[PDB]
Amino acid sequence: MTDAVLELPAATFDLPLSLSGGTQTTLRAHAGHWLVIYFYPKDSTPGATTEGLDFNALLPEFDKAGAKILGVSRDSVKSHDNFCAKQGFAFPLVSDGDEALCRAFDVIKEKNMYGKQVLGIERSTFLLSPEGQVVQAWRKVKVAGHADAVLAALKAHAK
């Protein structure tokens, strides 16, 4: 069986991504190097912490490959700062408050939860090439062994 590849909206290229301390970046700024964008549901949860620390454990290998990592959730910069102060992630956390980046990658899903319908981030990750192409995607991500799988995919597509 086969499926259709992801098509990002043209506006995604320079969407300003809110980081900490009134600073920001863009996907455009990452051209020339591999990029891993991982979306997680909520700051300070066991799953978000484990996924982030797993990427921390592999950062030296990602760095060797010249790749950069960006974690993303809809939480505020303040929330990210707290999460950051407690776990110490060696990479930036994007505060996608207006869900612009989440919608671009189509990770916002509606699910029957807590006795009602809830819109939120479906844990997903994307690997982008130095040329800005989405090379591989992971949706409905299971945290265990995920960062390992992303690094393995990177190595398979690169050198």
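A residue's number is simply how far along the shown sequence it sits, counting from 1.
Averaged over CA atoms, B-factors in the entry run higher in 108-116 than in the other of 57-65 and 108-116. Stretches compared: 37-45, 22-30. Higher mean C-alpha B-factor in the entry: 22-30. Per the deposited record, the Cα B-factor of residue 5 falls in the highest third when ranked against the other modelled residues of its chain. When the modelled residues of the chain are ordered by C-alpha B-factor, residue 158 sits in the highest third.
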